[PDB]
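# Survey of secondary and tertiary structure
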Amino acid sequence: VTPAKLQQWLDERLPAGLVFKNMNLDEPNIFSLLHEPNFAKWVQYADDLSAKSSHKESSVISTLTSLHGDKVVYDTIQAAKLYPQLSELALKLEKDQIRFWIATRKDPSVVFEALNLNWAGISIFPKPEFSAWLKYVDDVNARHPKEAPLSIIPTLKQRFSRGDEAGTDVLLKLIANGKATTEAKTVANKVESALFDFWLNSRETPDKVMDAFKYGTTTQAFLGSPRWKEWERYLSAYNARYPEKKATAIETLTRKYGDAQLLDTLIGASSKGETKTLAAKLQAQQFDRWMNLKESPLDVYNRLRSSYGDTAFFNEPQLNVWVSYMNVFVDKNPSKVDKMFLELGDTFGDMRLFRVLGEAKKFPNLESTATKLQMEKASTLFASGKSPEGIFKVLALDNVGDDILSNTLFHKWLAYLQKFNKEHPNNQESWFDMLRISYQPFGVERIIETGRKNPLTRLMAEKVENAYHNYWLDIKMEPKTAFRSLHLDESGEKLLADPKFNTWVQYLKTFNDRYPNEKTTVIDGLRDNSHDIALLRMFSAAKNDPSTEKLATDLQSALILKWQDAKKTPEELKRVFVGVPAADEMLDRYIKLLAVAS
Amino acid sequence: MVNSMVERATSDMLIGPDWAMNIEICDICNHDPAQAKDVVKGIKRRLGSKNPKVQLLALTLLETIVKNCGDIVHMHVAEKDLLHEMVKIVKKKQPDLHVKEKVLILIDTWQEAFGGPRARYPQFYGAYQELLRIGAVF
C-alpha cells in the first residue's frame, strides 16, 4: 500500500509494530527480512513516528527484539553488515540497538550473551567486546542514576559455576592472573572494584565472603596464600562502609569457627614456615581477647572444653599453648600467680599438675614459682615411701621427652630410687625399666643420642646405653638382630668406619660370653646381614682406611675360613663373581689355601 | 480499528512485549480518549484468551497504559469490570503462576496508588479485598 497511506497513518500516529504487520513484513526468515526494500520504508516510518512519540529510542529495535529476542536481533544485524549495500543501515541499527538496550535497562547477561562472550573463558579481559560490555554497564547506570545500580557480577558468577562460592573462586583466579600481566591489569582492577562494590551493596559479611576466598583449600592453606591479605583488604573495606558493624579478623574468625577450632588451626599454622609469623600474632591477639574479657586460665579451659580438644588438651601441643596464656596472664597479674597454681592443684590430680609444671618451667615469668611448687610436691611424694614406679608417673617423667637426662626431677627421682632400693632389698625397682616402658625402644634410642651430645649428660647416657644392651642380653637378642637394631644396614660401604660397628662387635662378644652354646662370630653376623660380594666390596674399600685396614684383612681371612667350612669350590666362586674388586686376590688366596689343605 | 493494535500488541507471535508499541498506544490514548475506551475493551477480550502468554502481554500493556495515561482510562478499567475478570483469573483451580503473580502485584500497586477505600475508583480496593478474603499474599 501507498506512501499516502503511510503519511495518513503517520498523521494518525499508528504504532510501528502494527504498520509492520500491515506491511506483511512477517517474512519467514529474519535474516531475509532486511533485504526487502519495504522494510527500509518501515524504518523511516518508525523513525519519523519516534520524532513525535514519547519514546526517543528506536521502536524498530523494540519491535524486533519483542519478536525474536535480543541475541537473535543483534546476530541478524551482524549478518546484515556483510552485504555492503546494507552496511549503512546495519550500522545505524547497531547504534540503535545499543541506545535501545541502554534506555530499556536491559540485563547485562543478555548483552553478554548477545556479544558471544561464550568463547573467551581465560581471556575475557583483553577482548574489546568485553570492554564494550563494561562500557554498556557504566553507560546504563549513568542514564539511570535514580534506580538502584546494575552490576556485571551475577552474570559472571552464574556462568562459570552453579555455586555462589565456587563461581567466585574462578573469578578470583582470573583477577589474580589478570593483575600479573600488564595488559589485563587495568581491566582486572576494574573487575575487582566491581566485585567489591557488589559485596558491599549486597551487604555480604566478611564471614560469608571469606568462604569464597577459602574455597578449594584447607583452612591452613588459605592462610598461607596471597588470598588471605586480599580478604583482609575486604574486611577493612567492609568496616569502612559499615563502621557500626566493624569487626577485626580474629573476632570474625572467632564468631565463624569458635575458639577451639581457631586454636587448633593457629597451632597448626604456628608449626609451618609459611604461616608461622602470623600464627603467633593472631595467637597473641586471641590471648588479648581473653585478657580483655578478664578470663582466668581455668575460665579459658572451661570455655574450650566444650567442643574439640579436652580429650586432646593435656597432650602436646595444646597444653604448651595453654601454658603460654598462663605466662601472659601472670605478666598482667603477678600477685595471684600462687593462688592460680594452688587452684590448679586442688582441682586436678597431681600427675596432671606435674605435667603442667614441667612446661611452666620453660617460661621465665613462671620458672621460679613453678620450680618451688614442683619441689614442694616432689618432696611430699618422696616422704610417702610409695613405689618408684608410681612416683615416676605422678612426676610426669614419662612426658619430659628426649632431654630427660638434663631434668632435675628425674635426678631427684633416681635418688629416691636408690634410697628405696636399699630400704626394699626384696622388692627393688629398675630405673631403666621405667624409661624403657614409658618412652618405648625408639624413644630410648633418641634419648641416648641426645644425652651423648650434651657433655653433662654424657656419662648418664653411657649408663643408659649399657642398660639397653643389657636388656638385649636379658631378652637374648641375636647379634644379627642387634645389627639391624642399630641401623648398621644403612651405613653402606663405610660400615666398619661406623662408631656403632665397634659397639656391636662388643655386644656380640658379651653375648657369646653369656651364651657360649650358641656362640656366633663377627663374620657369621656379617654373613647373616649381607652376601659375600657386597662384603668384599666393603673390604676392598676398608683397606683404603688405615684405622680399619687391619680389621679388613682379618675379616678377609675369616671369610676365607667360612668358604673352607662351606667346602665351596673356587670355580663356583669365580663363576658367581664378575668384574668384582679384590675378587681375584681373594680367589688366589683361597686357591693357595686349598692347595695346602689338599 | 484500535482492536487491531491491541491484538497485535498481545499476539502469541511475540516472544516479548513490544514496549515501543505499548508507549505508542499510550500516546494515542493521551490524544484521543474515545480511542482509549476501545483500547481497554480490547484488553479485556485478550485477557479472556486461554493463552497465559497472551494474558501476560495484556497485563503488561495494561500496566503501561495505567501508569502513563489519564483518568479516563482508569474510569474505563473500573467501569468495564475488567478488574472482575482479573480476579476470576486468580480464582481458577490451576492458574498460571506467572500470570497470578503479575495480577497480584498490579492490583496491590493500584489499590495503594489510588488511595484504597476512599479511591474515586474503589473497585481497585474492592478487588484487592476480595483477594485478601481468599487468603492471597503477594
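Residues numbered from 1 in each chain as written, not as in the entry; some residues may be left out. Chains lettered and ligands numbered in written order. Heavy atoms only, no water.

Residue-level contacts link 21 residues of chain A with 18 residues of chain B. Counting the surface chain A buries against chain B, the share from its top three residues, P15(A), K21(A) and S66(A), is 32%. Where chain A meets chain B, there are eleven residue pairs in polar contact. Secondary-structure elements contributing two or more residues to the side of chain A that touches chain B are α2 (16-22) and α5 (59-68) of chain A. Here the side of chain A that touches chain B gets seven residues from one element, more than from any other, and that element is α5(A). Of the residues that constitute the side of chain A that touches chain B, the class distribution is five nonpolar, 13 polar and three charged. (Contact = heavy atoms within 4.5 Å. Buried area = accessible area lost by both parts, 1.4 Å probe. Polar contact = N/O pair within 3.5 Å; in protein donor to acceptor, adjacent residues only side chain to side chain. Helix = DSSP H or I, 4+ residues; strand = E, 2+ residues; numbered from the N terminus. Nonpolar A, V, L, I, M, F, W, Y, C, P; charged D, E, K, R; others polar.)

Glancing now at the packing of aromatic side chains. Residue and element names in this part refer to chain A. The tally for this structure, following the rule as stated, stands at 40 aromatic pairs over all chains. Among the aromatic residues, those joined into a cluster by ring pairs are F196, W199, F213, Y234, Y238 and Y242. A cation over a ring is seen here: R159 above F160, with NZ or CZ 5.3 Å from the ring centre. For the cation-ring pair, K476 lies above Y515, with the distance from its terminal atom to the ring centre recorded as 5.6 Å. (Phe/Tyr/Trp six-rings, centres within 6.5 Å; stacked < 30°, edge-to-face > 60°. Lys NZ or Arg CZ within 6 Å of the ring centre and 35° of its normal.)

Moving on, we come to empty space enclosed by the protein. Residues and elements named next belong to chain A. In total, this model carries ten cavities of 30 Å³ or more according to the counting rule given. Residue lining of the largest cavity: 16 residues in total, with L263, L304, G309, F313 and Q318 positioned closest to the centre. When residues of the lining of the largest cavity are traced back to their parent elements, those giving at least two are α17 (259-271), α18 (276-292), α19 (297-305) and α20 (318-332). By residue class, the composition of the lining of the largest cavity is eleven nonpolar, two polar and three charged. Of the volumes computed, that of the second largest cavity is approximately 180 Å³. Lining the second largest cavity are 14 residues, and of these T219, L223, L253, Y257 and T265 sit closest to its centre. (1 Å grid on protein atoms, 1.4 Å probe; cavity = no way out; pocket = protein on both sides within 12 Å on 5 of 7 lines; lining within 4 Å. Points joined across faces, edges and corners; volume = space filled by probe spheres on them.)

This part covers the packing of α18(A) against α20(A). If you want to describe how two helices pack, look at the angle between their axes and the distance between the axes. Residue and element names in this part refer to chain A. One can describe the packing of α18 onto α20 by two numbers: an axis separation of 11 Å at closest approach and a directional angle of 55°. Relative to α20, the element α18 lies oblique. Handedness of the crossing formed by α18 with α20: right-handed. On the side of α18, the interface is formed by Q283, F287, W290 and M291, while α20 contributes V321, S324, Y325, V328, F329 and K332. A per-class count over the contact of α18 with α20 returns seven nonpolar, two polar and one charged. (Axes fitted to C-alpha atoms, helices over the stretch in contact; angles between N-to-C directions. Parallel < 35°, antiparallel > 145°, perpendicular 65-115°, else oblique. Left-handed = near helix turned anticlockwise from the far one by under 90°.)

Right, let's talk about unusual backbone geometry for a bit. Residue and element names in this part refer to chain A. For the bond running from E316 to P317, omega is -5°, close enough to zero to count as cis. Residue placement: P317 occurs in the loop between α19 and α20. Its identity as a non-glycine residue notwithstanding, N116 has a phi of 60°, on the positive side. Locating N116 in the fold gives a position in the loop between α8 (108-114) and α9 (128-143). Here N116 falls in the partly exposed class, since its relative accessible area comes to 32%. The backbone of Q440 shows a phi angle near 65°, a positive value even though the residue is not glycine. Take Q440: its relative accessible area is 51%, and that puts it in the exposed class. (Buried < 20%, exposed > 50% of the residue type's maximum accessible area, 1.4 Å probe, protein only.)

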